[PDB]
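Presented below is the structure to which this report refers.
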Ligand SMILES: *[C@@H]1O[C@H](CO)[C@@H](O)[C@H](O)[C@H]1NC(C)=O
Ligand SMILES: *[C@@H]1O[C@H](CO)[C@@H](O)[C@H](O)[C@H]1NC(C)=O
């Protein structure tokens, strides 16, 4: 609804490799940081650090 | 794109804003250069010159309130207001970056620190004996400052984005009440200060602040309110509001700043927090995402181009 | 069901852990009651009794490092390790909540604060003339503490979740180190301390900490390392590591705690930050989300029953 529109502004045009397709889904939807709106500052930093991990590269 | 202009508190913290020298160092090796008010109601307010006419995305972030006393519970976070605005070349944008409200603990006073670590229980003692706090006041955090983004018209400032600050956490606040946000967008509603009581209330957009411990309004300098008067003469509880209309701290929590200042406990209830401020977005703009409490610590301002 | 036990630092901050009195107030009106070690290597470690046999999701959050000097750049955040574990009824879980490493700026000393705001340039002067920092040491933040979740066997502690802490930001750190995370899962790999040099290294799981300014290991009390020896007797740079193996601060950044402690600059380079710690997850669990730097300030522990 709106979580998707807000968090993209924080992280920008982030890209995720196919190896992190389920890693992204688990982090975005199931982690406590990305489910409580008060911790959206945390979720933005989580997704950004995910893209630079060795798994999500290329 | 390198249109990423980020505004911070320039390292300043407390009831007063940053200086011109502080922001010159904070924005070193950056693409940003601003003017800072040196005295008067514009003291601590950053002035930025808009470089080009385009559609801008203005991301406003309020500041969080102060920590509690012995409990040190989760502080009330600041409010985020993200808007889309049309700006013209050479427009002078005034930016006040909200600063965090002062925490209760730790403190520099010898007697106070013994209360913070739980060794001095005079506060708990007076509560058990006389059912309320009347003599040994203090222990709550100060109200957080709000972030104001406005541009001057002919002679009157006109607000664009106001990101309300979070209220101060009370001394014995074992609960976080989970209070919802508030956002106004009708300029005919005047943004007065909050209902200041024992603890100071939040500073609004345009009011006449009388009490020292209440947060000053935006047009009055938005200086953080001083500590509780009763928390003085007995302690050194200098728990003041954050720059941006933050209310002063007492046994109860102080009110946070914003367009309409947050309310405060009227009878010095040690378990009752101060209320958060009211945010504001101009009708001429478009709200990208509704207001959400997200910000911990000082506030920020972010301007970019995506459209 | 949404039964969540949340563990915090109980209001404690700095190189030492919380007290029993601090945690008794921090968990008031909650469903949580823990024991706190009063003396010895368990001082400041919270002990929680598992209420029922079920599948638990333990979410560990490390603590961030200290802020830089005059630059006041973004501090190195702590690491988050989220895992799924099977626990039995009456199991005694030991939890050490990592505390933030002490910041360099701002400070309460009048002479120090002029260095933070950029008015006193003695530090920059000595660097320009004699190519390195030898006399006026200090200005970097302390190493952040790590979050340890372990349970005692017959006589030996066995780790389950270790959320590494972030390294301390150096004084003249124009760079942010841009560093990836590290996560170990083989208990046969021994978690020694970091490479302590001029600034203190991070405290590990099981080591023999000798240097005062180096972070102590978990089995040695995990006390935050003291400030730089050369940063004393010339200034008051009390920039110490956070509770949980944080390294002491110097002109360079201190090392962060974790399973394997973060390294530190060997020659007191004012532009070199301390390195972050190494996280750990027990083979008995399942990694829900890989290790990610998310936490700013103190760490946390959250249990939420995932599958
Ligand atoms: C409680 O009694 C009176 C309040 O009327 C006050 O003077 C006294 O000091 C209080 N006692 C304590 C222990 O605070
Ligand atoms: C740099 O020069 C010498 C070391 O060669 C030293 O005595 C002097 O004090 C240094 N200058 C400063 C400003 O520290």
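Chains as they are written, first to last, in this note's numbering: chain A, 2 to 59; chain B, 448 to 754; chain C, 448 to 754. By construction, the Cβ of each residue, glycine as well, lies at the ideal position given by its N, Cα and C atoms.
Distances from the alpha-carbon of residue 458/B to those of 692/B, 475/B and 658/B put 475/B closest.
Not a single C-beta of chain C is nearer than 7 Å to the C-beta of residue 12/A. 718/B is the residue among 654/B, 718/B, 607/B and 624/B whose C-alpha sits nearest the C-alpha of residue 587/B. Straight across, the Cα-Cα distance linking residue 574/B with residue 691/C is about 36 Å. In terms of side-chain proximity, the C-beta atom of residue 572/B is found nearer than 6 Å to a non-hydrogen atom of ligand 1. For the C-beta of residue 743/B, the chain A residues within less than 8 Å are, from N- to C-terminus, 42. For residue 628/B, the distance from the CB to the nearest heavy atom of ligand 2 is not below 6 Å. Within 6 Å of the C-beta of residue 582/C there is at least one heavy atom belonging to ligand 2. Counting the other CB atoms within 10 Å of its CB gives residue 499/C a total below 16, which places it among the exposed residues. Listed along chain C, the residues sitting closer than 8 Å to residue 458/B by beta-carbon distance are 519, 552, 553, 563 and 564.
The beta carbons of residue 616/B and residue 527/B sit about 19 Å from each other, so the pair does not count as a contact at 8 Å. Leaving aside the five residues that flank residue 472/B on each side, the residues in its chain whose CB is nearer than 8 Å to its CB run, in chain order, 457 and 458. A distance criterion of 6 Å places the beta-carbon of residue 576/C in contact range of ligand 2, judged by its closest non-hydrogen atom. Under the three-state reduction of DSSP, residue 468/B is assigned to helix. Among the CB atoms of chain B, none fall inside 7 Å of the CB of residue 666/C.
Shown here, residue 598/C sits in a strand according to DSSP, grouped into three states. The three-state reading of DSSP puts residue 492/B in coil, since its state is none of H, G, I, E or B.
Listed in chain order, the beta strand (DSSP E) runs fully inside the segment 536–596 of chain C are 539–543, counting runs of at least 3 residues. With respect to residue 619/B, residue 695/B sits apart: the two C-beta atoms are not nearer than 7 Å. Secondary-structure assignment with DSSP links residue 533/B through a beta bridge to 502/B. Not flagged as an interface residue toward chain A: residue 540/B, since no C-beta distance is shorter than 7 Å. Chain A has no Cβ within less than 7 Å of the Cβ of residue 514/B. The alpha carbon of residue 510/B has as its nearest neighbour, out of 548/B, 495/B, 571/B and 736/B, the alpha carbon of 548/B. In the three-state scheme derived from DSSP, where H, G and I count as helix and E and B as strand, residue 627/B is classed as coil. According to DSSP, residue 736/B shares a beta bridge with 529/B.
If you draw a straight line from the Cα of residue 735/B to the Cα of residue 751/B, it comes to about 13 Å.
Look at residue 40/A here: in three-state DSSP terms it is helix. Residue 15/A has its alpha-carbon roughly 8 Å from the corresponding atom of residue 9/A. Around the Cβ of residue 520/B, a 10 Å sphere holds 16 or more other Cβ atoms; the residue is buried. For residue 454/B, the enclosing beta strand (DSSP E) has its first and last residue at 452–454. Between residue 584/B and residue 507/B, the CB-CB gap reaches or exceeds 7 Å.
Annotation: residue 22/A to residue 597/B spans about 42 Å, alpha carbon to alpha carbon. Counting only Cβ-Cβ distances below 7 Å, residue 643/B has no contacts in chain A at all, with the closest Cβ about 27 Å away. Taking C-beta separations shorter than 6 Å and ignoring five residues to either side along the sequence, residue 578/B has no partners in its chain. Secondary structure of residue 482/C (DSSP, three-state): strand. In this structure, the CA atom of residue 686/B is about 23 Å from the CA atom of residue 626/B.
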